[PDB]
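Worksheet: the structure to be examined is printed underneath.
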Ligand SMILES: Cc1ccc(OCc2nc(C(=O)N[C@H]3CCS(=O)(=O)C3)cs2)cc1
Ligand SMILES: Cc1ccc(OCc2nc(C(=O)N[C@H]3CCS(=O)(=O)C3)cs2)cc1
């Protein structure tokens, strides 16, 4: 909402400077978005009158004019194509200071003496109209300072209104606030009833009184629509960001911006048998004044005649019913439309107007009549004509009525953290035009004025009090709490814990978009239909991810293309699996690595990362809550991964996730030349651990035995290690695979597994006989289960 | 009943490396946390702190628990060799605690973070090199700690 | 992490919810009527008529109010989504929302909480300004400003919003507004991170360039 | 054809923390989450902070060389973390909400008792604090700590620094796990806190005792040997 401060101050003057007013406005809940001067600075410019013009005898593009300042006649040489006798213009006398340090001096232009200059709006920084001289009203006061006359000592304040302050969508609304804020007299425009000159009316029917409980209509005969909108109105509208279009629209707009009442004028000749305020028929067609052809719905209120719809009630007029050049007679409209009935209606047709906005936000239900009289007077002043009587059709039953609210002083003290005096409370609420009647000790019955649509509860009253008292003047307290000692279980691996572990283990944390390209989704999840957005921002951001991998891989190659060799990234976030019916939204921890195993350094080996580097990272995470043993890495397969280098991770047979090298074919497709290692873990299956259960420490020495085992190249190492543990007896304290050999010294389809077996008895020393005995049973077990051999 | 409190949101500065943070970093970096007695043998104290008179107890529990430590090193080294003698090859320990420096008049009781390592650089494993730990392995551990609050550049190893 | 710590140290529980939400939890339960412009496809990402990507973490606070009776002290950090994006705004971002529902909560309590949170967060005894604003879920409501002591490039800045929980919001989730009062607050994580770290361009947050990321080690 | 098996991963894996450290962290967290500040002090303390300020008279048996480690006539190794709570009471005026974990020392040791150990002490000093407040605090702490809705018993006991005082038992037919009490008027008075305006409660517990209960540790001597075979069990 934009406005001229001068015009506001003509209703309620705060008696403080501009800066003070703009500051306070935001502090009371009307945030100022801009405060700008209406024009540039200048002095010595008065209203001048061109008495005569003559053709300059030595330059055809120039004229020799006689101009009066109401005190004296000066010869001014002018080259503007519009300079003519009778014209009221800004006369810059000798000595006048114009913008950008332009001082008017004496001149002898092509042998002719000039005692001043006549100006354009551009020259004065009034408008950008340099086409010619700023033509002032025929009735301008000759000699008066142009800044005084054109009200140039002014600013335009723009307020970013909140949806609850629809009442502030006018100068009337804004001036009421200022009067409340500053406890100053409010002087509203006195609107005298315009007396009917004739008896011509048009009947008005309220076919939908619940959607329009009040409608006012007036016949204005023999209007001259060729006449121009006066400057004061153009300036007031302009200073509110309303561009002048035609005299009749300008006044209905002016009345709206001045008082808050949106109004509409029809060409009386386009009204067949009077007005019918009714709902549209399903598929009723109406062409708007902007040319748009709307196909209406039964839920939409229209202003119609006895033949057809004329306008979409409170939003926009029709082309046919509206004023044209041929218009000689008017039918003025000022009505109240219910906010609930109008909510979202303009939007549903892809429309938004100053009228639709004010009606949706709320228009004072009692205002139509003052607005009607005001617009009548302005129409007669601007375009003439003869007014008939006002036809008021009202439905008392459907008029908005808010029940009085009881405000308790204790409730204000409680909420504000301090008591307010009864006199202060009454003063403040009455300033906002609320009706405050005492209802015993520290209680009142308060009534809501017709312009306010946000007040129905006791808390809304407290809000108003806090707002005008000053939010920053209110006390500061910290909330009381009966708090008890508490904690989460000890044996759990939380995500903040895991993140820091990954950090320590050389990972950088990435955050990628949850919605990816469906084509990317298809690469990592082939037969799966993603959960696809109905209104995606772009089509390459349409699919909800079922893996953090496409996004991580994409961030990895983003870096690779940016001169990065070693990219170690991790992300945590939701996975979206299935369609709405059955959708699983699971938190995942995923990681992606590439490049050298170690950073470049004098002390570091130049080996590239592999599977087993990523494996250690997963192991470290999986052991974070002392439950590593609960997990198993089984040879598995995943479409995004290399089938020869993929591990399916399980806990009690349930799937934890996957670990593996990104599939070489996927890499080809993505133009990725480096091997990439991925892992993804379902956080729900990682968080639980086990509390340490102490096992007694032996006072006796441990015994170690090393075994070199020849096995088929394809038999899994963990299958052998599991068999060894099962056959080692009760005293085995440690089992270590310290080497794997797949060389020339043995068969090309076999491998040697060098294992270290440690035993410790808790109550004595172990003898060589029993240990050799246990060792042979391990071997025997591996001979029968894997056809193993000692090297 | 549970006591009522007018509590206000609060926090410590963001850019700081707290001891619980550092402990977890050293855990991730392959260290085991030890807790050793603050009072050591005067002879051990002398080995690590030549020329200084320890702050000695008047009624020590034993004579080999008479000296207040001026370093967590004698205690850490002792826990390290305790393990070495108990069939351990790779011992990676850290401790945090007070050091006692000076006599009663002027005594400084400063919190220290100390670490001690020995054995193979890496644990025994099929994929791991059999190199023994050295200076530069411990250096990386100190570097990682010193960089924990984005101030690594503030430190110099001379 | 930092925002959570300011409250978890004082009894606030960290609450999480789903990112794919329903119109009841995301709008209706928060006093946002069916005809409200926030619900439109110009601002909200939809799957169908009823299912969407959450516009805030407020639904988490709703799910908490349904699950338990007061006292409630929660902080709700999370990924949130908005349709109307380009520069200055991303389709995905992070925010932390707060809720405290007890027997005798005031606007003074709210001011104290917010002012001390900001002081704690920015590690300065900075000036805090409360400006009246509007939200369907809160009444009274405020936009919170702080001085430019944390720059606009390393005299006030809007950093967050708050308000007293609306009676209808409580009522809808079976909390009696006569017995229980409450306050809520909201803030954008990226905005805060930008203020804290001197980050100029919001788009650096989702590119994941190592040259950006590495600076926060 | 570049297939591989699922052998162990390469390199270094995590170590772990000491069981006492885990226990202290856990105890602190139960209180820090509800406004308690972690307070630390020196281990080499004076007579005043360690005894006198705590209503322990000069002739009291706790002061003797049979229980307390001394450097000279007034300087000692602290027998508790209570001096830290004293230093806090001197430094500030109420409200005070602190937890004081730390190394403490006792002369009379062998088995069942070590010359050095760890304990966490608590202190809350405000305007209207009661014994009901103390019971609530302790009962909820223990349930939080042992992750069970266990039965809590308060038995009347004695301490020079508290009145009334209690020994706190939990089931498993009961086990004594900690002590507490309402701060003695003389203790507050001595540290310029008016006992007419301010009330307070304090509590004390041994970390090793708690760790032993939690982890099933039989012998208290395992805590200071630092055997890797012991330590490794708390990864
Ligand atoms: C049940 C319930 C009740 C109230 C709630 O209020 C959450 C709130 N949010 C704000 C707010 O200003 N939010 C925006 C600030 C910047 S941002 O990141 O765009 C989010 C104010 S009060 C939530 C849930
Ligand atoms: C100023 C001040 C006032 C009062 C204080 O009371 C500390 C307390 N301690 C206990 C207690 O039972 N302690 C022992 C339990 C097991 S243990 O490890 O032997 C220590 C009870 S109340 C402390 C400081």
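Positions of Cβ are set from backbone N, Cα and C atoms, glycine also.
A simple way to gauge crowding: the CB of residue A:464 (Mg(2+) binding site) has 25 other CB atoms within 10 angstroms, across all the protein chains here. Residues or ranges marked as Mg(2+) binding site in Swiss-Prot: A:454, A:460, A:463, A:464.
Residues annotated as domain 'tRNA-binding' in Swiss-Prot, with sequence analysis given as evidence: A:39-147. For the domain 'tRNA-binding' (A:39-147), DSSP puts the residue distribution at 2 helix, 48 strand, 59 coil.
Swiss-Prot lists A:400-476 with the feature domain 'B5', giving sequence analysis as the kind of evidence.
Residue counts of the domain 'FDX-ACB' (A:698-791) by helix, strand and coil are 30 helix, 32 strand, 32 coil (DSSP-based). The domain 'FDX-ACB' annotation in Swiss-Prot covers A:698-791.
Cβ crowding, taken as the number of other Cβ atoms within 10 Å, peaks at A:463 among the binding-site residues A:454, A:463. Under DSSP, residue A:463 (Mg(2+) binding site) is assigned to a helix (H, G or I) in the three-state scheme. Here the binding-site residues are A:460, A:463, A:464, and the ones sitting under 8 angstroms from chain C, going by CB atoms, are A:460, A:463. Classification of residue A:454 (Mg(2+) binding site) by DSSP places it in coil, neither helical nor stranded.
In the structure as shown, the Cβ atom of residue A:460 (Mg(2+) binding site) sits within 10 Å of 18 other Cβ atoms. DSSP places the residues of the domain 'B5' (A:400-476) in helix, strand and coil in these numbers: 33 helix, 13 strand, 31 coil.
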